[PDB]
Amino acid sequence: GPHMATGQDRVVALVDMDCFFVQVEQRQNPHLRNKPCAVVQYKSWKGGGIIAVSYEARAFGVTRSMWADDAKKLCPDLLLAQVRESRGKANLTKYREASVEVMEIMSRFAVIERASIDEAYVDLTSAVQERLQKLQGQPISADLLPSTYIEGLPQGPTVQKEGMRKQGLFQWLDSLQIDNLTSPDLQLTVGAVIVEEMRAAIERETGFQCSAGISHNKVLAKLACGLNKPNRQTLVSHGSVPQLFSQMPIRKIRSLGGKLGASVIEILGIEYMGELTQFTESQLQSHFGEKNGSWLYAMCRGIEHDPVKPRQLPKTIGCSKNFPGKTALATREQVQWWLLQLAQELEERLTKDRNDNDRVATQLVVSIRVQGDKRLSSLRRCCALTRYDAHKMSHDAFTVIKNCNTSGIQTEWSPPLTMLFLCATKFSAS
DNA sequence: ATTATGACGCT
DNA sequence: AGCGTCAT
Ligand SMILES: Nc1nc2c(ncn2[C@H]2C[C@H](O)[C@@H](COP(=O)(O)OP(=O)(O)OP(=O)(O)O)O2)c(=O)[nH]1
Ligand SMILES: [Mn+2]
Ligand SMILES: [Mn+2]
(Lines give C-alpha, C1' and ligand atoms only; values in the text may rest on other atoms or scores of the structure.)
(Ligands and ions follow the chains in the order given, each with its own letter.)
Protein backbone atom coordinates (compact mmCIF):
# COMPACT_ATOMS: atom_id res chain seq x y z
CA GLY A 1 0.00 0.00 0.00
CA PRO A 2 1.09 3.57 0.80
CA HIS A 3 4.13 2.30 2.74
CA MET A 4 5.23 -0.49 0.38
CA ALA A 5 8.45 0.85 -1.13
CA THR A 6 8.65 0.34 -4.89
CA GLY A 7 12.35 0.93 -5.58
CA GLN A 8 11.69 3.87 -7.92
CA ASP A 9 13.89 6.39 -6.09
CA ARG A 10 16.86 6.37 -8.50
CA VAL A 11 17.52 6.60 -12.22
CA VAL A 12 20.37 4.21 -13.16
CA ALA A 13 21.84 3.50 -16.57
CA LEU A 14 24.20 0.82 -17.80
CA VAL A 15 26.26 1.72 -20.86
CA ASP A 16 27.98 -1.23 -22.57
CA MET A 17 30.14 -0.94 -25.76
CA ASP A 18 29.05 -3.09 -28.74
CA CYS A 19 31.59 -5.89 -29.64
CA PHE A 20 34.22 -3.64 -27.98
CA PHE A 21 37.57 -5.17 -28.99
CA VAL A 22 36.22 -5.58 -32.52
CA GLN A 23 35.26 -1.90 -32.66
CA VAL A 24 38.71 -0.90 -31.36
CA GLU A 25 40.31 -2.90 -34.18
CA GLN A 26 37.79 -1.60 -36.77
CA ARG A 27 38.56 2.00 -35.86
CA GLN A 28 42.27 1.33 -36.35
CA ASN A 29 41.84 -0.64 -39.60
CA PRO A 30 38.98 0.63 -41.81
CA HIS A 31 39.25 -2.50 -43.97
CA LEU A 32 37.53 -4.38 -41.10
CA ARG A 33 34.55 -2.01 -40.82
CA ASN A 34 31.04 -3.36 -41.54
CA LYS A 35 32.45 -6.88 -42.03
CA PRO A 36 32.11 -10.21 -40.26
CA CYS A 37 35.12 -10.03 -38.02
CA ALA A 38 36.40 -11.25 -34.68
CA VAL A 39 39.30 -10.67 -32.29
CA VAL A 40 41.49 -13.65 -31.34
CA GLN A 41 44.23 -14.33 -28.82
CA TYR A 42 47.19 -16.35 -30.15
CA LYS A 43 47.13 -18.29 -33.41
CA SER A 44 49.03 -21.60 -33.47
CA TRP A 45 46.42 -23.70 -31.62
CA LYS A 46 43.26 -24.04 -33.77
CA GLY A 47 43.77 -20.52 -35.14
CA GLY A 48 43.51 -18.71 -31.80
CA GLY A 49 40.62 -18.30 -29.40
CA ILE A 50 37.91 -15.78 -30.25
CA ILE A 51 37.08 -13.24 -27.54
CA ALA A 52 34.95 -10.70 -29.44
CA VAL A 53 32.64 -10.95 -32.48
CA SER A 54 31.08 -8.35 -34.78
CA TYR A 55 27.31 -8.51 -35.25
CA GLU A 56 27.76 -9.42 -38.92
CA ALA A 57 29.82 -12.43 -37.83
CA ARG A 58 27.33 -13.36 -35.10
CA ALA A 59 24.75 -13.81 -37.86
CA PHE A 60 26.82 -16.82 -39.07
CA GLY A 61 26.93 -18.30 -35.55
CA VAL A 62 30.41 -17.09 -34.61
CA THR A 63 30.72 -16.77 -30.82
CA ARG A 64 33.21 -15.99 -28.08
CA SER A 65 35.14 -19.07 -26.76
CA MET A 66 35.18 -20.51 -30.30
CA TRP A 67 38.43 -21.47 -31.98
CA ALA A 68 39.07 -19.38 -35.09
CA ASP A 69 39.48 -22.50 -37.29
CA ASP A 70 35.96 -23.60 -36.28
CA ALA A 71 34.55 -20.10 -36.77
CA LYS A 72 36.00 -20.12 -40.31
CA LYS A 73 33.97 -23.25 -40.97
CA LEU A 74 30.82 -21.26 -40.12
CA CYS A 75 31.97 -18.06 -41.86
CA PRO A 76 34.72 -18.62 -44.45
CA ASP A 77 35.07 -14.86 -45.13
CA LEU A 78 35.43 -14.01 -41.42
CA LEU A 79 38.12 -11.40 -40.85
CA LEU A 80 40.37 -11.69 -37.81
CA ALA A 81 42.37 -9.25 -35.73
CA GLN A 82 44.91 -10.60 -33.21
CA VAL A 83 45.55 -9.21 -29.76
CA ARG A 84 49.06 -7.82 -29.36
CA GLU A 85 51.69 -10.17 -27.96
CA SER A 86 54.42 -8.76 -25.68
CA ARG A 87 56.96 -10.68 -23.57
CA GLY A 88 55.43 -13.93 -24.81
CA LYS A 89 51.86 -13.23 -23.69
CA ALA A 90 48.68 -11.47 -24.72
CA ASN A 91 48.82 -7.73 -24.01
CA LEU A 92 45.48 -5.94 -23.69
CA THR A 93 46.86 -2.38 -23.36
CA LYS A 94 45.16 -1.08 -26.53
CA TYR A 95 41.72 -2.01 -25.20
CA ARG A 96 42.36 -0.68 -21.71
CA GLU A 97 43.39 2.68 -23.21
CA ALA A 98 40.29 2.73 -25.42
CA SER A 99 38.21 1.98 -22.31
CA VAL A 100 39.71 5.01 -20.56
CA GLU A 101 38.62 7.14 -23.55
CA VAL A 102 35.01 6.08 -23.12
CA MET A 103 34.99 6.21 -19.31
CA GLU A 104 36.29 9.79 -19.31
CA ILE A 105 33.50 10.94 -21.65
CA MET A 106 30.85 9.24 -19.51
CA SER A 107 32.28 10.87 -16.38
CA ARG A 108 31.39 14.32 -17.80
CA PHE A 109 27.70 13.55 -17.35
CA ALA A 110 27.64 11.84 -13.95
CA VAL A 111 29.77 9.84 -11.56
CA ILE A 112 30.23 6.34 -12.98
CA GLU A 113 31.05 2.85 -11.69
CA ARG A 114 33.43 0.94 -14.00
CA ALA A 115 31.91 -2.56 -14.05
CA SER A 116 34.19 -3.94 -16.79
CA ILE A 117 36.63 -2.89 -19.52
CA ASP A 118 33.62 -1.98 -21.69
CA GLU A 119 30.79 -1.03 -19.34
CA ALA A 120 29.81 1.41 -16.67
CA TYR A 121 26.83 2.19 -14.48
CA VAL A 122 25.63 5.81 -14.28
CA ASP A 123 23.58 7.32 -11.43
CA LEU A 124 21.47 9.91 -13.24
CA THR A 125 19.05 10.84 -10.45
CA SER A 126 20.53 14.32 -9.92
CA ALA A 127 21.13 15.07 -13.62
CA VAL A 128 17.49 14.11 -14.22
CA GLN A 129 16.22 16.52 -11.57
CA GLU A 130 18.33 19.29 -13.13
CA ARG A 131 17.04 18.63 -16.64
CA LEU A 132 13.46 18.48 -15.35
CA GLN A 133 13.82 21.92 -13.76
CA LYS A 134 15.23 23.16 -17.08
CA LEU A 135 12.33 21.69 -19.11
CA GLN A 136 9.76 23.74 -17.09
CA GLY A 137 6.89 21.31 -17.64
CA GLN A 138 7.72 21.01 -21.34
CA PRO A 139 6.80 17.61 -22.82
CA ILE A 140 9.46 15.30 -24.22
CA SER A 141 9.51 14.97 -28.00
CA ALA A 142 10.10 11.61 -29.69
CA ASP A 143 12.90 13.36 -31.59
CA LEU A 144 14.92 13.42 -28.36
CA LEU A 145 14.75 9.59 -28.14
CA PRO A 146 15.78 8.45 -31.65
CA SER A 147 17.34 5.11 -30.61
CA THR A 148 15.22 4.27 -27.53
CA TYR A 149 12.99 1.22 -27.11
CA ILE A 150 10.35 1.13 -24.37
CA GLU A 151 10.23 -2.45 -23.11
CA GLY A 152 6.73 -3.93 -23.23
CA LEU A 153 5.41 -1.52 -25.84
CA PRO A 154 3.64 -1.24 -28.16
CA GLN A 155 0.71 -3.15 -26.69
CA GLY A 156 -2.85 -3.80 -27.77
CA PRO A 157 -4.42 -2.04 -30.80
CA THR A 158 3.71 -2.00 -39.05
CA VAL A 159 6.00 -4.88 -40.21
CA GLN A 160 9.30 -2.97 -39.76
CA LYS A 161 11.49 -2.94 -36.65
CA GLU A 162 11.94 0.85 -36.62
CA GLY A 163 8.19 1.26 -37.06
CA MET A 164 7.49 -0.91 -34.02
CA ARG A 165 10.09 1.00 -32.02
CA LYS A 166 8.39 4.30 -32.82
CA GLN A 167 4.93 2.85 -32.10
CA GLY A 168 6.05 1.81 -28.63
CA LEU A 169 7.76 5.13 -27.98
CA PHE A 170 4.66 7.07 -29.02
CA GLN A 171 2.43 5.01 -26.72
CA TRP A 172 4.85 5.67 -23.87
CA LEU A 173 5.16 9.40 -24.53
CA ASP A 174 1.41 9.84 -24.96
CA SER A 175 0.82 8.30 -21.56
CA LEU A 176 3.40 10.49 -19.78
CA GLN A 177 2.38 13.04 -17.07
CA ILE A 178 4.91 15.89 -17.63
CA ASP A 179 3.38 18.13 -14.85
CA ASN A 180 4.77 15.96 -11.99
CA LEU A 181 8.55 16.30 -11.42
CA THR A 182 8.30 13.31 -8.97
CA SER A 183 6.79 10.81 -11.49
CA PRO A 184 9.21 7.86 -11.79
CA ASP A 185 8.24 7.14 -15.41
CA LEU A 186 8.94 10.77 -16.32
CA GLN A 187 12.27 10.60 -14.51
CA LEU A 188 13.25 7.47 -16.44
CA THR A 189 12.28 9.19 -19.70
CA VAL A 190 14.48 12.20 -18.95
CA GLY A 191 17.22 9.73 -17.99
CA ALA A 192 16.89 8.17 -21.43
CA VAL A 193 17.17 11.62 -23.06
CA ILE A 194 20.44 12.14 -21.17
CA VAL A 195 21.71 8.68 -22.18
CA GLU A 196 20.99 9.46 -25.84
CA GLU A 197 23.21 12.53 -25.39
CA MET A 198 25.90 10.46 -23.63
CA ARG A 199 25.91 7.80 -26.34
CA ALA A 200 26.05 10.46 -29.06
CA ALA A 201 29.05 12.03 -27.30
CA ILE A 202 30.81 8.67 -27.05
CA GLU A 203 30.29 7.94 -30.75
CA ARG A 204 31.23 11.46 -31.89
CA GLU A 205 34.41 11.58 -29.82
CA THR A 206 35.66 7.98 -30.14
CA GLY A 207 33.94 6.43 -33.15
CA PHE A 208 32.59 3.65 -30.91
CA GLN A 209 28.92 2.64 -30.70
CA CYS A 210 27.29 1.31 -27.57
CA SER A 211 24.00 0.16 -26.17
CA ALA A 212 22.44 1.15 -22.89
CA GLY A 213 19.73 0.31 -20.39
CA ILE A 214 17.81 2.85 -18.30
CA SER A 215 15.87 1.73 -15.24
CA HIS A 216 15.64 2.26 -11.49
CA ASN A 217 18.58 0.07 -10.43
CA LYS A 218 21.71 -1.68 -11.67
CA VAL A 219 20.28 -5.17 -12.34
CA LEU A 220 17.35 -3.85 -14.40
CA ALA A 221 19.61 -1.41 -16.30
CA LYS A 222 21.98 -4.26 -17.26
CA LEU A 223 19.09 -6.50 -18.35
CA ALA A 224 17.54 -3.62 -20.29
CA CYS A 225 20.83 -2.92 -22.06
CA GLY A 226 20.84 -6.43 -23.49
CA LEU A 227 17.31 -6.33 -24.90
CA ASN A 228 18.08 -4.24 -28.01
CA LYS A 229 21.69 -4.55 -29.10
CA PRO A 230 23.48 -3.23 -31.03
CA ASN A 231 23.52 0.58 -31.06
CA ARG A 232 20.19 1.03 -29.24
CA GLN A 233 19.01 1.81 -25.73
CA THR A 234 16.11 0.37 -23.76
CA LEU A 235 13.97 1.85 -20.99
CA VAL A 236 12.65 -0.73 -18.48
CA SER A 237 10.02 0.89 -16.28
CA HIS A 238 8.90 -0.39 -12.90
CA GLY A 239 5.52 -1.24 -14.45
CA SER A 240 7.14 -3.36 -17.17
CA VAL A 241 8.64 -5.79 -14.65
CA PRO A 242 5.74 -8.28 -14.09
CA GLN A 243 5.37 -9.06 -17.79
CA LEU A 244 9.12 -8.97 -18.49
CA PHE A 245 9.92 -11.32 -15.61
CA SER A 246 6.99 -13.67 -16.25
CA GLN A 247 8.96 -15.42 -19.04
CA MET A 248 12.53 -14.41 -17.95
CA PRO A 249 14.76 -17.44 -17.24
CA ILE A 250 16.36 -16.96 -13.83
CA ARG A 251 19.87 -17.31 -15.32
CA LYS A 252 19.51 -14.08 -17.29
CA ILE A 253 19.66 -11.87 -14.18
CA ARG A 254 23.17 -10.78 -13.20
CA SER A 255 24.60 -13.07 -10.44
CA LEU A 256 22.12 -15.91 -11.13
CA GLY A 257 23.86 -17.40 -14.17
CA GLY A 258 25.83 -19.96 -12.16
CA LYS A 259 25.41 -22.38 -9.25
CA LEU A 260 23.09 -20.17 -7.16
CA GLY A 261 20.62 -19.69 -10.01
CA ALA A 262 20.66 -23.43 -10.75
CA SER A 263 19.87 -24.05 -7.08
CA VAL A 264 16.98 -21.57 -7.12
CA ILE A 265 15.59 -23.53 -10.09
CA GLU A 266 16.10 -26.97 -8.56
CA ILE A 267 15.08 -26.28 -4.96
CA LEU A 268 12.00 -24.20 -5.75
CA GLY A 269 10.94 -26.03 -8.92
CA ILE A 270 10.57 -22.84 -10.94
CA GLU A 271 11.98 -21.52 -14.22
CA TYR A 272 11.24 -17.77 -14.45
CA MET A 273 12.15 -14.73 -12.36
CA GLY A 274 8.51 -13.81 -11.83
CA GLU A 275 7.72 -17.14 -10.13
CA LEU A 276 9.89 -16.02 -7.22
CA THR A 277 7.17 -13.63 -6.09
CA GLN A 278 5.18 -16.50 -4.61
CA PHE A 279 7.69 -17.17 -1.78
CA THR A 280 8.05 -15.23 1.44
CA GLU A 281 11.26 -13.39 2.24
CA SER A 282 11.85 -15.89 5.08
CA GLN A 283 11.37 -18.84 2.71
CA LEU A 284 13.97 -17.50 0.31
CA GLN A 285 16.39 -16.70 3.16
CA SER A 286 15.91 -20.24 4.47
CA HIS A 287 17.09 -21.70 1.20
CA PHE A 288 19.68 -19.20 -0.06
CA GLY A 289 20.90 -17.35 3.03
CA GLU A 290 19.84 -14.09 4.63
CA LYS A 291 21.54 -11.79 2.09
CA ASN A 292 20.64 -13.69 -1.08
CA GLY A 293 17.12 -14.31 0.19
CA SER A 294 16.40 -10.63 0.84
CA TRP A 295 18.00 -9.75 -2.49
CA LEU A 296 15.87 -12.27 -4.41
CA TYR A 297 12.69 -11.21 -2.61
CA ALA A 298 13.18 -7.60 -3.68
CA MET A 299 14.70 -8.33 -7.10
CA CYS A 300 11.83 -10.43 -8.40
CA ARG A 301 9.61 -7.37 -7.75
CA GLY A 302 11.99 -5.10 -9.69
CA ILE A 303 13.67 -3.67 -6.57
CA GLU A 304 17.40 -3.55 -5.85
CA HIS A 305 19.39 -1.17 -3.70
CA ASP A 306 23.04 -1.76 -4.71
CA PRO A 307 24.56 1.71 -5.21
CA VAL A 308 26.40 2.95 -8.24
CA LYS A 309 29.86 3.19 -6.64
CA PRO A 310 31.98 6.24 -7.49
CA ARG A 311 34.84 4.25 -8.99
CA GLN A 312 36.19 4.92 -12.49
CA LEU A 313 39.47 3.00 -12.09
CA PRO A 314 40.12 -0.72 -11.57
CA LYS A 315 40.86 -1.76 -7.97
CA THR A 316 43.58 -4.21 -9.02
CA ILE A 317 46.12 -4.50 -11.83
CA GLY A 318 46.87 -8.08 -12.83
CA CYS A 319 48.84 -10.19 -15.34
CA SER A 320 47.99 -13.86 -16.05
CA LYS A 321 49.01 -16.64 -18.42
CA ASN A 322 47.88 -20.23 -18.88
CA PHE A 323 50.33 -22.96 -19.90
CA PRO A 324 48.05 -25.73 -21.14
CA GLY A 325 48.82 -29.37 -21.83
CA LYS A 326 52.40 -29.81 -22.99
CA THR A 327 53.48 -26.17 -22.49
CA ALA A 328 53.20 -26.49 -18.69
CA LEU A 329 56.27 -25.23 -16.83
CA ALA A 330 58.39 -28.11 -15.54
CA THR A 331 61.77 -26.50 -14.77
CA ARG A 332 62.82 -23.80 -12.33
CA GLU A 333 64.41 -21.79 -15.15
CA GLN A 334 61.05 -21.84 -16.97
CA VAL A 335 59.04 -20.76 -13.94
CA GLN A 336 61.50 -17.96 -13.24
CA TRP A 337 61.59 -16.69 -16.83
CA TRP A 338 57.80 -16.49 -17.04
CA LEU A 339 57.40 -14.89 -13.62
CA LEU A 340 59.82 -12.28 -14.91
CA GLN A 341 57.81 -11.74 -18.12
CA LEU A 342 54.61 -11.25 -16.13
CA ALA A 343 56.38 -8.99 -13.63
CA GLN A 344 57.80 -6.82 -16.40
CA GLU A 345 54.33 -6.29 -17.86
CA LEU A 346 53.02 -5.60 -14.35
CA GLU A 347 55.80 -3.07 -13.69
CA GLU A 348 55.01 -1.24 -16.93
CA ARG A 349 51.31 -1.03 -16.14
CA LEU A 350 51.89 -0.05 -12.49
CA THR A 351 54.33 2.73 -13.39
CA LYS A 352 51.83 4.21 -15.88
CA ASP A 353 49.06 3.84 -13.29
CA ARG A 354 51.07 5.70 -10.64
CA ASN A 355 51.79 8.55 -13.06
CA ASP A 356 48.17 8.80 -14.30
CA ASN A 357 46.21 8.18 -11.13
CA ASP A 358 48.28 9.33 -8.10
CA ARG A 359 48.30 5.99 -6.29
CA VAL A 360 50.62 3.09 -5.48
CA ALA A 361 49.83 -0.59 -4.96
CA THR A 362 51.11 -2.10 -1.73
CA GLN A 363 50.35 -5.84 -1.96
CA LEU A 364 51.42 -8.43 -4.54
CA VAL A 365 49.21 -11.51 -4.95
CA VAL A 366 50.71 -14.61 -6.61
CA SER A 367 48.39 -17.32 -7.92
CA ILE A 368 49.26 -20.59 -9.61
CA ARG A 369 47.56 -23.71 -10.87
CA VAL A 370 49.21 -27.13 -11.02
CA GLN A 371 48.62 -29.93 -13.52
CA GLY A 372 45.51 -31.92 -12.67
CA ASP A 373 43.52 -29.32 -10.73
CA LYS A 374 40.16 -28.30 -12.31
CA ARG A 375 40.18 -25.13 -10.15
CA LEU A 376 41.10 -21.74 -11.67
CA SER A 377 43.61 -21.13 -8.87
CA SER A 378 45.51 -23.90 -7.13
CA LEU A 379 47.18 -21.56 -4.65
CA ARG A 380 47.23 -17.85 -3.79
CA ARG A 381 49.83 -16.19 -1.60
CA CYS A 382 50.34 -12.50 -0.88
CA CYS A 383 53.51 -10.59 -0.08
CA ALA A 384 54.52 -6.95 0.26
CA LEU A 385 54.84 -4.83 -2.88
CA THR A 386 57.31 -2.15 -1.80
CA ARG A 387 58.95 -1.20 -5.11
CA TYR A 388 57.82 -1.13 -8.76
CA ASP A 389 60.71 -3.38 -9.77
CA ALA A 390 60.06 -6.38 -12.01
CA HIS A 391 63.09 -8.36 -10.85
CA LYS A 392 62.12 -7.80 -7.22
CA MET A 393 58.47 -8.76 -7.76
CA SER A 394 59.43 -11.88 -9.73
CA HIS A 395 61.93 -12.95 -7.07
CA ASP A 396 59.33 -12.37 -4.33
CA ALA A 397 56.70 -14.33 -6.26
CA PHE A 398 59.14 -17.21 -6.66
CA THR A 399 59.95 -17.06 -2.94
CA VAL A 400 56.30 -17.29 -1.95
CA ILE A 401 55.50 -20.16 -4.39
CA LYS A 402 58.69 -22.25 -4.34
CA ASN A 403 57.41 -24.56 -1.57
CA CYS A 404 54.92 -26.03 -4.05
CA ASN A 405 57.70 -27.80 -5.95
CA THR A 406 57.43 -31.37 -4.64
CA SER A 407 60.32 -32.45 -6.87
CA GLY A 408 63.25 -33.42 -4.65
CA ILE A 409 65.36 -32.13 -7.57
CA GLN A 410 65.28 -28.29 -7.30
CA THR A 411 66.04 -27.93 -11.08
CA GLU A 412 62.79 -29.74 -12.01
CA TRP A 413 59.36 -28.40 -11.13
CA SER A 414 56.75 -31.02 -10.27
CA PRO A 415 53.88 -31.05 -10.71
CA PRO A 416 54.18 -28.73 -13.72
CA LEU A 417 52.56 -25.30 -13.55
CA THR A 418 49.65 -24.63 -15.90
CA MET A 419 48.96 -21.03 -14.79
CA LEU A 420 50.88 -18.06 -13.39
CA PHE A 421 49.16 -14.90 -12.15
CA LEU A 422 50.52 -11.71 -10.57
CA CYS A 423 48.15 -9.08 -9.20
CA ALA A 424 48.89 -5.73 -7.60
CA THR A 425 46.33 -4.70 -4.98
CA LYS A 426 45.75 -2.46 -1.91
CA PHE A 427 46.25 0.94 -3.56
CA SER A 428 47.17 4.00 -1.46
CA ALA A 429 47.19 7.63 -2.59
CA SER A 430 50.61 8.92 -3.58
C1' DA B 1 43.94 -26.63 -25.17
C1' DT B 2 38.72 -21.48 -24.49
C1' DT B 3 42.24 -17.22 -22.27
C1' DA B 4 42.91 -12.95 -19.64
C1' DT B 5 41.32 -10.62 -16.45
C1' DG B 6 38.42 -8.14 -12.53
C1' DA B 7 34.79 -7.66 -8.68
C1' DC B 8 33.06 -9.36 -4.59
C1' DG B 9 31.39 -12.96 -0.96
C1' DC B 10 32.66 -16.38 2.62
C1' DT B 11 35.07 -17.87 6.70
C1' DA C 1 44.48 -14.02 4.67
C1' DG C 2 43.25 -17.63 1.31
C1' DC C 3 39.49 -19.67 -1.23
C1' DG C 4 35.25 -19.73 -4.21
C1' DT C 5 31.77 -17.63 -7.43
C1' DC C 6 30.39 -14.93 -11.26
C1' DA C 7 31.22 -12.11 -14.95
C1' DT C 8 32.91 -12.84 -20.25
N1 LIG D 1 40.82 -11.60 -22.55
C2 LIG D 1 39.49 -11.77 -22.62
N3 LIG D 1 38.74 -10.74 -23.00
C4 LIG D 1 37.44 -11.00 -23.00
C5 LIG D 1 36.86 -12.17 -22.66
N6 LIG D 1 35.48 -12.08 -22.73
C7 LIG D 1 35.26 -10.82 -23.12
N8 LIG D 1 36.42 -10.12 -23.31
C9 LIG D 1 36.59 -8.76 -23.83
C10 LIG D 1 36.31 -8.64 -25.32
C11 LIG D 1 34.95 -7.94 -25.39
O12 LIG D 1 34.90 -7.13 -26.56
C13 LIG D 1 34.97 -7.09 -24.13
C14 LIG D 1 33.62 -6.70 -23.58
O15 LIG D 1 32.77 -7.86 -23.38
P16 LIG D 1 31.15 -7.92 -23.53
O17 LIG D 1 30.60 -9.11 -22.79
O18 LIG D 1 30.48 -6.57 -23.15
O19 LIG D 1 30.93 -8.21 -25.09
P20 LIG D 1 31.20 -7.34 -26.38
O21 LIG D 1 31.45 -5.91 -26.01
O22 LIG D 1 32.38 -7.98 -27.14
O23 LIG D 1 29.85 -7.53 -27.20
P24 LIG D 1 28.37 -7.02 -26.84
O25 LIG D 1 28.54 -6.24 -25.52
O26 LIG D 1 27.48 -8.26 -26.69
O27 LIG D 1 27.97 -6.12 -27.97
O28 LIG D 1 35.68 -7.90 -23.16
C29 LIG D 1 37.71 -13.23 -22.29
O30 LIG D 1 37.28 -14.34 -21.94
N31 LIG D 1 39.04 -13.03 -22.27
MN1 LIG E 1 30.02 -4.93 -24.75
MN1 LIG F 1 30.32 -5.63 -21.22
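Per chain, numbering begins at 1; letters A, B, ... match sequence-line order.
Formation of a donor-acceptor pair under 3.5 Å by the A:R359 side chain with backbone atoms of A:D353 is not found in this model. Side-chain N or O atoms of A:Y388 include one that pairs as donor or acceptor with a backbone N or O of A:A361 at under 3.5 Å. The closest donor-acceptor contact from the side chain of A:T189 to the backbone of A:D185 lies under 3.5 Å. Remark: side-chain polar atoms of A:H216 are paired, donor with acceptor, to backbone N or O of A:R10 under 3.5 angstrom.
For A:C382, whose side chain is taken as the heavy atoms from C-beta onward, the closest listed nucleotide among C:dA7, C:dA1, C:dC3 is C:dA1. Closest to the side chain of A:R380, from the set C:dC3, C:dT8, B:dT3, is C:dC3. Considering only the side chain of A:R254, C:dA7 comes nearest among C:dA7, C:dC3, B:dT3. The side chain of A:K315 sits closest to B:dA7 out of B:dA7, B:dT3, B:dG6. The side chain of A:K89 lies closest to B:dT5, out of B:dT3, C:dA1, B:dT5. With B:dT3, B:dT2, B:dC8 as the candidates, the nucleotide lying closest to the side chain of A:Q41 is B:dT3. Here the side chain of A:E113 is nearest to one of B:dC8, C:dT8, B:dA1, namely B:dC8.
In this structure, A:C423 reaches neither bases nor backbone, as no heavy-atom distance under 4.0 Å exists between it and the strands shown. Residue A:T327 is in base contact, counting any heavy-atom pair closer than 4.0 Å across all strands shown. Counting non-hydrogen atoms under 4.0 angstrom, A:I50 reaches nothing in the nucleic acid. Among the protein residues, A:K321 comes within range of the sugar-phosphate backbone only, with heavy atoms under 4.0 Å from sugar or phosphate atoms but none that close to a base. At a threshold of 4.0 angstrom between heavy atoms, the contacts of A:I117 with the nucleic acid are absent.
Between A:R369 and C:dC3 there is no side-chain N or O to OP1 or OP2 distance below 4.0 Å. Distances shown here put a side-chain N or O of A:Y42 below 4.0 Å from the OP1 or OP2 atom of B:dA4. Listed pair A:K259 / C:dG4 fails the phosphate criterion, with no side-chain N or O lying under 4.0 Å from OP1 or OP2. Contact annotation: A:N322 side-chain N/O to B:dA4 OP1/OP2 distance is under 4.0 Å. For A:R311 and B:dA7, the shortest distance from a side-chain N or O to OP1 or OP2 is below 4.0 Å. Put simply, A:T316 has a side-chain N or O that comes within less than 4.0 Å of OP1 or OP2 on B:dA7.
For A:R96 and B:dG6, a side-chain-to-base donor-acceptor distance below 3.5 Å is absent, hydrogens and geometry of angles not being considered. Between the base of B:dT3 and the side chain of A:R64 there is a donor-acceptor pair shorter than 3.5 Å.
Look at CG on A:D69: it is 17 Å from P on B:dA1, rounded to the nearest Å. Between the P atom of B:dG6 and the CD1 atom of A:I51 lies a distance of 13 Å, rounded to the nearest Å. Nucleotide B:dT5 holds its P atom 18 Å from the CD1 atom of A:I368, rounded to whole Å.
Nearest-nucleotide assignment on DNA chain B puts the 5′-proximal partner with A:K326, out of A:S320 and A:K326. The residue among A:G261 and A:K426 whose nearest nucleotide of DNA chain C lies closer to the 5′ end is A:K426. Each of A:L376 and A:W67 has a nearest nucleotide on DNA chain B; the 5'-most of these lies closest to A:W67.
C:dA7 and B:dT2 have their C1' atoms separated by 15 Å, given to the nearest Å.
Between A:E85 and A:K43, no side-chain nitrogen of the basic residue sits less than 4.0 Å from a carboxylate oxygen of the acidic one, so the salt-bridge criterion is not met.
The shortest distance between side-chain heavy atoms of A:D18 and A:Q23 falls below 4.5 Å.
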